[PDB]
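Here is the file final.cif (mmCIF, C-alpha atoms).
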```cif
data_run
loop_
_atom_site.label_atom_id
_atom_site.label_comp_id
_atom_site.auth_asym_id
_atom_site.auth_seq_id
_atom_site.Cartn_x
_atom_site.Cartn_y
_atom_site.Cartn_z
CA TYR A 1 38.83 41.17 -30.37
CA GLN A 2 37.52 43.49 -27.58
CA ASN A 3 35.24 40.75 -26.30
CA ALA A 4 35.75 41.02 -22.52
CA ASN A 5 33.25 41.72 -19.81
CA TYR A 6 34.50 44.44 -17.45
CA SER A 7 33.47 43.88 -13.82
CA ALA A 8 32.99 47.06 -11.79
CA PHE A 9 32.14 47.12 -8.07
CA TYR A 10 33.02 48.76 -4.77
CA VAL A 11 35.63 47.71 -2.27
CA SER A 12 37.22 49.90 0.43
CA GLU A 13 40.71 50.72 -0.82
CA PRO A 14 43.52 49.94 -1.15
CA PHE A 15 42.50 46.37 -1.90
CA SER A 16 44.65 43.40 -2.98
CA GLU A 17 43.05 40.23 -4.20
CA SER A 18 45.92 38.17 -2.80
CA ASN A 19 45.30 38.98 0.87
CA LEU A 20 43.58 36.33 2.93
CA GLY A 21 39.86 37.22 3.13
CA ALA A 22 39.77 39.04 -0.24
CA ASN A 23 37.35 36.46 -1.56
CA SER A 24 35.09 37.05 1.49
CA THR A 25 35.00 40.84 1.14
CA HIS A 26 32.05 42.73 -0.27
CA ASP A 27 31.65 43.50 -3.13
CA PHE A 28 34.66 41.60 -4.49
CA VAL A 29 32.89 38.39 -3.43
CA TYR A 30 30.42 38.86 -6.32
CA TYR A 31 33.16 39.33 -8.89
CA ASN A 32 34.85 36.22 -7.54
CA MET A 33 31.50 34.42 -7.89
CA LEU A 34 31.72 35.08 -11.67
CA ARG A 35 35.32 33.91 -11.79
CA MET A 36 34.49 30.72 -9.97
CA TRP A 37 31.50 29.99 -12.23
CA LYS A 38 33.76 30.40 -15.28
CA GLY A 39 36.57 28.33 -13.78
CA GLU A 40 34.18 25.52 -12.99
CA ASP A 41 32.28 25.59 -16.32
CA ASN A 42 33.89 26.90 -19.44
CA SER A 43 30.44 27.44 -21.04
CA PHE A 44 29.73 30.28 -18.56
CA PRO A 45 29.53 33.42 -20.74
CA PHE A 46 32.15 35.51 -18.91
CA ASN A 47 35.47 36.62 -20.28
CA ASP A 48 37.17 38.53 -17.54
CA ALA A 49 38.74 41.86 -18.58
CA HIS A 50 40.84 41.54 -15.35
CA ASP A 51 41.93 37.90 -15.99
CA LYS A 52 45.67 38.44 -15.44
CA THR A 53 45.16 40.08 -12.00
CA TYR A 54 42.43 42.15 -10.26
CA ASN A 55 44.71 45.10 -9.56
CA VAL A 56 42.42 48.04 -10.26
CA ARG A 57 41.89 48.90 -6.57
CA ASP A 58 45.34 48.01 -5.12
CA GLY A 59 46.83 51.42 -4.35
CA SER A 60 48.68 52.11 -7.60
CA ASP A 61 49.44 55.70 -8.61
CA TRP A 62 46.26 57.33 -10.25
CA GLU A 63 48.01 59.11 -13.10
CA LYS A 64 50.92 56.93 -14.00
CA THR A 65 49.49 53.52 -13.35
CA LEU A 66 45.86 53.06 -12.23
CA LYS A 67 43.85 55.22 -14.64
CA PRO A 68 45.74 53.86 -17.70
CA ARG A 69 45.02 50.34 -16.48
CA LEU A 70 41.29 51.09 -16.20
CA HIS A 71 41.19 52.55 -19.67
CA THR A 72 43.19 49.75 -21.27
CA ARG A 73 40.93 47.04 -19.80
CA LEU A 74 37.75 48.93 -20.69
CA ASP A 75 39.10 49.26 -24.24
CA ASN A 76 39.27 45.45 -24.36
CA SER A 77 35.63 45.14 -23.24
CA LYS A 78 32.22 44.94 -24.94
CA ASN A 79 30.25 45.70 -21.76
CA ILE A 80 30.43 46.44 -18.06
CA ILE A 81 29.06 44.15 -15.36
CA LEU A 82 28.30 46.52 -12.47
CA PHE A 83 27.47 45.26 -9.00
CA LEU A 84 25.44 47.77 -6.95
CA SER A 85 24.67 46.98 -3.33
CA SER A 86 23.81 48.66 -0.06
CA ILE A 87 27.54 49.05 0.70
CA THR A 88 28.58 50.62 -2.65
CA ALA A 89 30.38 53.85 -1.52
CA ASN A 90 32.82 56.52 -2.86
CA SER A 91 35.71 55.28 -4.95
CA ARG A 92 37.81 57.17 -7.46
CA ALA A 93 38.52 54.09 -9.58
CA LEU A 94 34.89 52.96 -9.68
CA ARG A 95 33.84 56.49 -10.72
CA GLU A 96 36.38 56.51 -13.53
CA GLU A 97 35.18 53.11 -14.76
CA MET A 98 31.74 54.70 -15.19
CA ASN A 99 32.91 57.99 -16.71
CA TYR A 100 35.32 56.40 -19.19
CA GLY A 101 33.46 53.14 -19.76
CA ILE A 102 30.01 54.70 -20.21
CA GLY A 103 30.61 58.42 -20.80
CA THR A 104 33.52 58.06 -23.21
CA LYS A 105 33.11 54.57 -24.70
CA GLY A 106 29.37 54.13 -24.56
CA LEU A 107 29.61 50.59 -23.22
CA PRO A 108 26.29 48.99 -22.21
CA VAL A 109 25.95 47.85 -18.61
CA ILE A 110 24.49 44.73 -16.99
CA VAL A 111 23.70 45.84 -13.43
CA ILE A 112 23.53 43.00 -10.95
CA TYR A 113 21.96 43.75 -7.55
CA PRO A 114 23.40 41.20 -5.08
CA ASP A 115 21.00 42.19 -2.28
CA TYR A 116 18.04 40.91 -4.39
CA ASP A 117 17.02 37.61 -5.90
CA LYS A 118 13.59 38.42 -7.40
CA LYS A 119 12.55 40.31 -10.54
CA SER A 120 9.96 42.01 -8.38
CA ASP A 121 12.75 43.58 -6.29
CA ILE A 122 13.85 45.71 -9.27
CA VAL A 123 10.64 47.27 -10.64
CA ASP A 124 7.03 47.84 -9.47
CA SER A 125 3.96 46.50 -11.34
CA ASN A 126 3.92 49.60 -13.67
CA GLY A 127 7.55 49.03 -14.71
CA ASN A 128 8.98 51.85 -12.62
CA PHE A 129 12.26 51.21 -10.92
CA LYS A 130 11.77 50.86 -7.22
CA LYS A 131 13.07 53.53 -4.87
CA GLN A 132 15.42 50.96 -3.30
CA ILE A 133 17.11 50.60 -6.71
CA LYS A 134 17.14 54.32 -7.53
CA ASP A 135 18.76 54.90 -4.14
CA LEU A 136 21.65 52.64 -5.18
CA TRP A 137 22.19 54.70 -8.34
CA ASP A 138 22.56 57.77 -6.12
CA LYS A 139 25.49 55.98 -4.40
CA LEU A 140 27.41 56.07 -7.70
CA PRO A 141 26.63 59.39 -9.43
CA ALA A 142 28.92 58.65 -12.36
CA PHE A 143 26.74 55.61 -13.14
CA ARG A 144 23.46 57.46 -12.58
CA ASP A 145 24.48 60.46 -14.63
CA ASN A 146 25.90 58.51 -17.59
CA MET A 147 23.45 55.58 -17.79
CA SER A 148 21.00 57.48 -20.05
CA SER A 149 23.40 57.24 -22.97
CA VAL A 150 23.59 53.41 -23.15
CA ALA A 151 21.46 50.29 -22.91
CA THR A 152 21.39 49.05 -19.31
CA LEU A 153 19.95 45.78 -18.02
CA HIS A 154 19.00 45.64 -14.34
CA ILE A 155 18.79 42.18 -12.81
CA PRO A 156 18.61 40.18 -9.58
CA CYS A 157 21.57 38.06 -8.60
CA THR A 158 20.78 34.51 -9.80
CA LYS A 159 23.02 32.39 -12.00
CA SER A 160 20.48 31.55 -14.73
CA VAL A 161 19.40 35.20 -15.03
CA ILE A 162 23.03 36.38 -15.21
CA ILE A 163 23.66 33.82 -17.97
CA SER A 164 20.65 35.07 -19.94
CA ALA A 165 21.91 38.66 -19.62
CA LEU A 166 25.43 37.75 -20.70
CA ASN A 167 24.12 35.85 -23.75
CA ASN A 168 22.08 38.84 -24.97
CA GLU A 169 23.62 40.82 -27.84
CA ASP A 170 21.52 43.83 -26.95
CA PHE A 171 23.98 44.49 -24.07
CA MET A 172 27.20 44.21 -26.08
CA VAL A 173 28.55 47.47 -27.53
CA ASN A 174 28.79 46.45 -31.21
CA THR A 175 25.21 45.15 -31.18
CA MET A 176 23.74 47.46 -28.53
CA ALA A 177 20.01 48.04 -28.27
CA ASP A 178 18.58 51.52 -28.04
CA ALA A 179 19.59 53.41 -24.88
CA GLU A 180 17.01 52.74 -22.15
CA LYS A 181 16.90 51.04 -18.75
CA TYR A 182 15.70 47.47 -19.28
CA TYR A 183 14.60 44.77 -16.86
CA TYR A 184 12.96 41.35 -16.86
CA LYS A 185 9.24 41.84 -16.19
CA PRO A 186 8.00 40.33 -12.91
#
```
Output the structure of this file as structure tokens.
Amino acid sequence: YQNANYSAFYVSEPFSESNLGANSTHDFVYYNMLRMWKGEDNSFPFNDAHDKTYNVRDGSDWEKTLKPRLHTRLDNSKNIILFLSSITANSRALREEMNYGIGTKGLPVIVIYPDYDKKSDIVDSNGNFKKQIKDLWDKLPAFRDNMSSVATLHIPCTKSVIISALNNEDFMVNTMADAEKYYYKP
């Protein structure tokens, strides 16, 4: 029960996943990457909170329809998979996913950085997060300002690394590690 992974990312709105080109549009492309890995290999450790339809950006009415949908899907989830990239920009729904999912629920977050493919892109040799990463947090204040309360894992975008993250109990709410920002050491 409540075993899903909740994918959170930016797209310019309104966005429908059924329009031609949806699967080519940043940052939806990275969510679809997870879906395709799972569809191709059932061992991939991803259970999509949005499996029935990705309709959390599609224009629906905030109060009556969209916000309740965000909350319901987050309530079915053990963690958030957040994609942060150079194009992550303002979005009411994405903000609410952070405030409710982290601030209210205390869900841990696996943060995938699709612009980067090396561990050394995330942290410097003293284990400080690089400015290029901190700058992405500033693009989503509701992530930045809630992340202190949960375990977060900050990773480059490579399949084997994503699998390792998703197989780690430390980043699942019922088994969460102590709140800190974690990373794989370069």
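Here atom CA of residue 126 of chain A stands at a distance of 10.2 Å from atom CA of residue 186 of chain A.
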Residue IDs satisfying the PyMOL selection byres ((chain A and resi 130-137) around 12), as a PDB file with C-alpha atoms, keeping the file's coordinate frame:
```
ATOM      1  CA  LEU A  82      28.300  46.520 -12.470  1.00  0.00           C
ATOM      2  CA  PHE A  83      27.470  45.260  -9.000  1.00  0.00           C
ATOM      3  CA  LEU A  84      25.440  47.770  -6.950  1.00  0.00           C
ATOM      4  CA  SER A  85      24.670  46.980  -3.330  1.00  0.00           C
ATOM      5  CA  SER A  86      23.810  48.660  -0.060  1.00  0.00           C
ATOM      6  CA  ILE A  87      27.540  49.050   0.700  1.00  0.00           C
ATOM      7  CA  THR A  88      28.580  50.620  -2.650  1.00  0.00           C
ATOM      8  CA  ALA A  89      30.380  53.850  -1.520  1.00  0.00           C
ATOM      9  CA  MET A  98      31.740  54.700 -15.190  1.00  0.00           C
ATOM     10  CA  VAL A 111      23.700  45.840 -13.430  1.00  0.00           C
ATOM     11  CA  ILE A 112      23.530  43.000 -10.950  1.00  0.00           C
ATOM     12  CA  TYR A 113      21.960  43.750  -7.550  1.00  0.00           C
ATOM     13  CA  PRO A 114      23.400  41.200  -5.080  1.00  0.00           C
ATOM     14  CA  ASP A 115      21.000  42.190  -2.280  1.00  0.00           C
ATOM     15  CA  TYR A 116      18.040  40.910  -4.390  1.00  0.00           C
ATOM     16  CA  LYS A 119      12.550  40.310 -10.540  1.00  0.00           C
ATOM     17  CA  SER A 120       9.960  42.010  -8.380  1.00  0.00           C
ATOM     18  CA  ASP A 121      12.750  43.580  -6.290  1.00  0.00           C
ATOM     19  CA  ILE A 122      13.850  45.710  -9.270  1.00  0.00           C
ATOM     20  CA  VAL A 123      10.640  47.270 -10.640  1.00  0.00           C
ATOM     21  CA  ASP A 124       7.030  47.840  -9.470  1.00  0.00           C
ATOM     22  CA  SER A 125       3.960  46.500 -11.340  1.00  0.00           C
ATOM     23  CA  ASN A 126       3.920  49.600 -13.670  1.00  0.00           C
ATOM     24  CA  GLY A 127       7.550  49.030 -14.710  1.00  0.00           C
ATOM     25  CA  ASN A 128       8.980  51.850 -12.620  1.00  0.00           C
ATOM     26  CA  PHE A 129      12.260  51.210 -10.920  1.00  0.00           C
ATOM     27  CA  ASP A 138      22.560  57.770  -6.120  1.00  0.00           C
ATOM     28  CA  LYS A 139      25.490  55.980  -4.400  1.00  0.00           C
ATOM     29  CA  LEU A 140      27.410  56.070  -7.700  1.00  0.00           C
ATOM     30  CA  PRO A 141      26.630  59.390  -9.430  1.00  0.00           C
ATOM     31  CA  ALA A 142      28.920  58.650 -12.360  1.00  0.00           C
ATOM     32  CA  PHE A 143      26.740  55.610 -13.140  1.00  0.00           C
ATOM     33  CA  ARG A 144      23.460  57.460 -12.580  1.00  0.00           C
ATOM     34  CA  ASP A 145      24.480  60.460 -14.630  1.00  0.00           C
ATOM     35  CA  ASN A 146      25.900  58.510 -17.590  1.00  0.00           C
ATOM     36  CA  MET A 147      23.450  55.580 -17.790  1.00  0.00           C
ATOM     37  CA  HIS A 154      19.000  45.640 -14.340  1.00  0.00           C
ATOM     38  CA  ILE A 155      18.790  42.180 -12.810  1.00  0.00           C
ATOM     39  CA  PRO A 156      18.610  40.180  -9.580  1.00  0.00           C
ATOM     40  CA  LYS A 181      16.900  51.040 -18.750  1.00  0.00           C
ATOM     41  CA  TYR A 183      14.600  44.770 -16.860  1.00  0.00           C
TER      42      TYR A 183
END
```
Can you pull out the residues contacting segment 163-180 of chain A? Cut-off 8 Å, using only C-alpha atoms, and skip same-chain residues under 3 positions away; I want them as a list in words.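 Contacts, with the query itself left out: residues 44, 45, 46, 78, 79, 106, 107, 108, 109, 110, 148, 149, 150, 151, 152, 153, 159 and 160 of chain A.
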If the PyMOL selection byres ((chain A and resi 26) around 9) is run on the structure shown, which residues does it catch, given as a PyMOL selection string? chain A and resi 9-12+22-25+27-30+87-88
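Counting all atoms listed in the file and comparing A:101, A:19, A:64, A:35, the residue that lies closest to residue 52 of chain A is A:35.
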Option closest in space to residue 57 of chain A, from A:71, A:92, A:185, A:38 [counting all atoms listed in the file]: A:92
Around the point (42.8, 44.0, -11.8) (coordinates from the file), which residues reach within 12 Å if we count only C-alpha atoms? Answer as a PyMOL selection string. chain A and resi 6-9+15-18+28+31-32+48-60+65-74+93
Length of the atom CA of residue 43 of chain A to atom CA of residue 1 of chain A vector [Å]: 18.6 Å
Between A:104, A:97, A:40, A:21, which is the closest to residue 81 of chain A once you count only C-alpha atoms? A:97
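Atom CA of residue 162 of chain A to atom CA of residue 91 of chain A spans 25.0 Å [interatomic distance, one decimal].
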Report the residues retrieved by the PyMOL selection byres ((chain A and resi 3) around 7) from the displayed file, expressed as a ChimeraX atom specification. /A:1-2,4-5,76-78
Centre, edges in Å (one decimal): axis-aligned box, segment 98-103 of chain A, 5 Å padding on all six sides, as JSON:
```
{"center_x": 32.7, "center_y": 55.8, "center_z": -18.0, "size_x": 15.3, "size_y": 15.3, "size_z": 15.6}
```
